[PDB]
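Peer 1: Here it is: the structure, laid out below.
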Amino acid sequence: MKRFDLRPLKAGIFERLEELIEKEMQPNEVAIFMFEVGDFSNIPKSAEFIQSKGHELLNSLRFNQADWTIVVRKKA
């Protein structure tokens, strides 16, 4: 339970829900957010809603093909 399927969450709100789950995720845990929309710039925007400093996308998102996944590490 350390991931969020934003696929069915269409685009626009998927970046707003990512914050709702970030609260459950540990302050130093990984979060796999799946995005089907080409909007890759929004991926990091969601994790930012929590705190300007702390959310850092290690690497996993491959915006270019079918819905991909991105790992997010919490910290602040």
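All residue names refer to the structure tokens as shown: chains lettered A, B, ... in order, residues numbered from 1 in each chain, ligands numbered from 1 in order.
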Fewer than 6 positions away in the same chain doesn't count, so skip those; otherwise give me all residues within 7 Å of residue 36 (chain A), counting only C-alpha atoms, as an NGL selection string.

Peer 2: :A and (7 or 66-68)

Peer 1: Can you write out the residues you just picked, keeping N, CA and C atoms, as a tab-separated table (two decimals), in the first residue's frame?

Peer 2:
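Final output, saved to again28.tsv:
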```tsv
chain	number	residue	atom	x	y	z
A	7	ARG	N	-4.15	6.58	-12.53
A	7	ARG	CA	-4.60	6.28	-13.88
A	7	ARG	C	-6.08	6.61	-14.05
A	66	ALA	N	2.48	4.25	-22.69
A	66	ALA	CA	1.35	3.94	-21.83
A	66	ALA	C	1.58	4.45	-20.41
A	67	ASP	N	0.54	4.41	-19.59
A	67	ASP	CA	0.63	4.87	-18.21
A	67	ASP	C	1.87	4.29	-17.53
A	68	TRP	N	2.68	5.16	-16.95
A	68	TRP	CA	3.90	4.73	-16.27
A	68	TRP	C	3.79	4.97	-14.76
```

Peer 1: Apply DSSP to the backbone of this structure and, from chain A, keep only the residues in strand (DSSP E or B); write these as a list in words.

Peer 2: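 For chain A, the strand (DSSP E or B) set is residues 3, 4, 5, 30, 31, 32, 33, 34, 35, 56, 57, 63, 65, 68, 69, 70, 71, 72 and 73 of chain A.
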
Peer 1: Keeping only N, CA and C atoms, take the residues you just selected and write them out as a PDB file, in the first residue's frame.

Peer 2:
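Written file, out.pdb:
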```
ATOM      1  N   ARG A   3       1.635   2.872  -2.993  1.00  0.00           N
ATOM      2  CA  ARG A   3       1.476   3.404  -4.341  1.00  0.00           C
ATOM      3  C   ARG A   3       0.079   3.987  -4.535  1.00  0.00           C
ATOM      4  N   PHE A   4      -0.078   4.805  -5.570  1.00  0.00           N
ATOM      5  CA  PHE A   4      -1.362   5.429  -5.864  1.00  0.00           C
ATOM      6  C   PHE A   4      -1.676   5.351  -7.355  1.00  0.00           C
ATOM      7  N   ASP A   5      -2.751   4.648  -7.692  1.00  0.00           N
ATOM      8  CA  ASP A   5      -3.161   4.495  -9.083  1.00  0.00           C
ATOM      9  C   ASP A   5      -3.950   5.712  -9.553  1.00  0.00           C
ATOM     10  N   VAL A  30       8.734   5.524   0.101  1.00  0.00           N
ATOM     11  CA  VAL A  30       8.576   5.721  -1.336  1.00  0.00           C
ATOM     12  C   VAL A  30       7.112   5.614  -1.747  1.00  0.00           C
ATOM     13  N   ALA A  31       6.715   6.428  -2.720  1.00  0.00           N
ATOM     14  CA  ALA A  31       5.342   6.424  -3.208  1.00  0.00           C
ATOM     15  C   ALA A  31       5.299   6.286  -4.726  1.00  0.00           C
ATOM     16  N   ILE A  32       4.727   5.186  -5.200  1.00  0.00           N
ATOM     17  CA  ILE A  32       4.622   4.936  -6.633  1.00  0.00           C
ATOM     18  C   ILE A  32       3.301   5.459  -7.186  1.00  0.00           C
ATOM     19  N   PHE A  33       3.368   6.576  -7.903  1.00  0.00           N
ATOM     20  CA  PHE A  33       2.177   7.181  -8.489  1.00  0.00           C
ATOM     21  C   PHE A  33       2.103   6.895  -9.986  1.00  0.00           C
ATOM     22  N   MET A  34       1.039   6.215 -10.402  1.00  0.00           N
ATOM     23  CA  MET A  34       0.850   5.878 -11.807  1.00  0.00           C
ATOM     24  C   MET A  34       0.100   6.988 -12.537  1.00  0.00           C
ATOM     25  N   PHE A  35       0.646   7.421 -13.668  1.00  0.00           N
ATOM     26  CA  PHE A  35       0.028   8.480 -14.459  1.00  0.00           C
ATOM     27  C   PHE A  35      -0.115   8.055 -15.917  1.00  0.00           C
ATOM     28  N   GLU A  56      11.065  14.518  -3.566  1.00  0.00           N
ATOM     29  CA  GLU A  56      12.078  14.388  -4.607  1.00  0.00           C
ATOM     30  C   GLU A  56      11.855  13.121  -5.427  1.00  0.00           C
ATOM     31  N   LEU A  57      11.629  13.295  -6.724  1.00  0.00           N
ATOM     32  CA  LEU A  57      11.400  12.166  -7.620  1.00  0.00           C
ATOM     33  C   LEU A  57      12.717  11.497  -8.000  1.00  0.00           C
ATOM     34  N   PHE A  63       7.404   9.131 -18.985  1.00  0.00           N
ATOM     35  CA  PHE A  63       6.428   9.843 -19.800  1.00  0.00           C
ATOM     36  C   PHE A  63       6.794   9.764 -21.280  1.00  0.00           C
ATOM     37  N   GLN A  65       5.053   6.743 -23.243  1.00  0.00           N
ATOM     38  CA  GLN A  65       4.200   5.643 -23.681  1.00  0.00           C
ATOM     39  C   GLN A  65       3.017   5.463 -22.737  1.00  0.00           C
ATOM     40  N   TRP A  68       2.684   5.159 -16.949  1.00  0.00           N
ATOM     41  CA  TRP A  68       3.899   4.730 -16.265  1.00  0.00           C
ATOM     42  C   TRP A  68       3.790   4.966 -14.763  1.00  0.00           C
ATOM     43  N   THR A  69       4.875   4.692 -14.045  1.00  0.00           N
ATOM     44  CA  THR A  69       4.901   4.873 -12.598  1.00  0.00           C
ATOM     45  C   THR A  69       6.094   5.720 -12.172  1.00  0.00           C
ATOM     46  N   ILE A  70       5.925   6.469 -11.089  1.00  0.00           N
ATOM     47  CA  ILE A  70       6.990   7.322 -10.576  1.00  0.00           C
ATOM     48  C   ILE A  70       7.147   7.159  -9.068  1.00  0.00           C
ATOM     49  N   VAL A  71       8.390   7.016  -8.620  1.00  0.00           N
ATOM     50  CA  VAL A  71       8.677   6.854  -7.199  1.00  0.00           C
ATOM     51  C   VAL A  71       8.943   8.201  -6.536  1.00  0.00           C
ATOM     52  N   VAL A  72       8.288   8.437  -5.404  1.00  0.00           N
ATOM     53  CA  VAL A  72       8.454   9.685  -4.670  1.00  0.00           C
ATOM     54  C   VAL A  72       8.917   9.425  -3.241  1.00  0.00           C
ATOM     55  N   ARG A  73      10.025  10.052  -2.860  1.00  0.00           N
ATOM     56  CA  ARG A  73      10.574   9.888  -1.520  1.00  0.00           C
ATOM     57  C   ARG A  73      10.197  11.069  -0.630  1.00  0.00           C
TER      58      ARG A  73
END
```

Peer 1: Of the residues A:11, A:76, A:6, A:1, which is the one nearest to residue 28 (chain A), using only C-alpha atoms?

Peer 2: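 Nearest candidate to residue 28 (chain A) out of A:11, A:76, A:6, A:1: A:76.
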
Peer 1: Find the residues around residue 52 (chain A) up to 12 Å (only C-alpha atoms counted), leave out those fewer than 4 positions away in its own chain, and share them as a list in words.

Peer 2: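 What passes the distance filter is residues 44, 45, 46, 47, 48, 56, 74, 75 and 76 of chain A.
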
Peer 1: Leaving out residue 12 (chain A) and any residue of its chain fewer than 4 positions from it, which residues lie within 10 Å of it when counting only C-alpha atoms, given as a compact mmCIF listing (two decimals) with C-alpha atoms, in the first residue's frame?

Peer 2:
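To be explicit, this is the file written out as out.txt:
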```
# COMPACT_ATOMS: atom_id res chain seq x y z
CA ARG A 16 -4.55 16.89 -6.12
CA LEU A 17 -5.20 13.38 -4.80
CA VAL A 37 -1.68 11.42 -18.94
CA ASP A 39 1.44 15.52 -18.20
CA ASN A 42 2.27 17.53 -12.96
```

Peer 1: Using DSSP on the backbone coordinates, identify the residues of chain A assigned to alpha helix (DSSP H); present them as a PDB file with C-alpha atoms, in the first residue's frame.

Peer 2:
```pdb
ATOM      1  CA  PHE A  14      -4.790  13.171  -9.987  1.00  0.00           C
ATOM      2  CA  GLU A  15      -2.252  15.806  -8.946  1.00  0.00           C
ATOM      3  CA  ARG A  16      -4.549  16.891  -6.116  1.00  0.00           C
ATOM      4  CA  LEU A  17      -5.203  13.383  -4.796  1.00  0.00           C
ATOM      5  CA  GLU A  18      -1.495  12.548  -4.631  1.00  0.00           C
ATOM      6  CA  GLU A  19      -1.420  14.825  -1.585  1.00  0.00           C
ATOM      7  CA  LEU A  20      -4.241  12.932   0.127  1.00  0.00           C
ATOM      8  CA  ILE A  21      -2.117   9.779   0.060  1.00  0.00           C
ATOM      9  CA  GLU A  22       1.149  11.539   0.898  1.00  0.00           C
ATOM     10  CA  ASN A  42       2.269  17.533 -12.960  1.00  0.00           C
ATOM     11  CA  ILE A  43       3.705  14.402 -11.349  1.00  0.00           C
ATOM     12  CA  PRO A  44       6.213  16.389  -9.251  1.00  0.00           C
ATOM     13  CA  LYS A  45       3.640  19.150  -8.778  1.00  0.00           C
ATOM     14  CA  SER A  46       1.507  16.841  -6.636  1.00  0.00           C
ATOM     15  CA  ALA A  47       4.309  15.809  -4.279  1.00  0.00           C
ATOM     16  CA  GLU A  48       5.126  19.515  -4.017  1.00  0.00           C
TER      17      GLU A  48
END
```

Peer 1: Between CA of residue 26 (chain A) and CA of residue 60 (chain A), what is the distance in Å, rounded to a tenth?

Peer 2: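 Computing it gives 19.3 Å between the two atoms.
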
Peer 1: Go ahead and compute the interatomic distance for CA of residue 2 (chain A) and CA of residue 53 (chain A), in Å to one decimal.

Peer 2: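 That distance, rounded to one decimal, is 20.4 Å.
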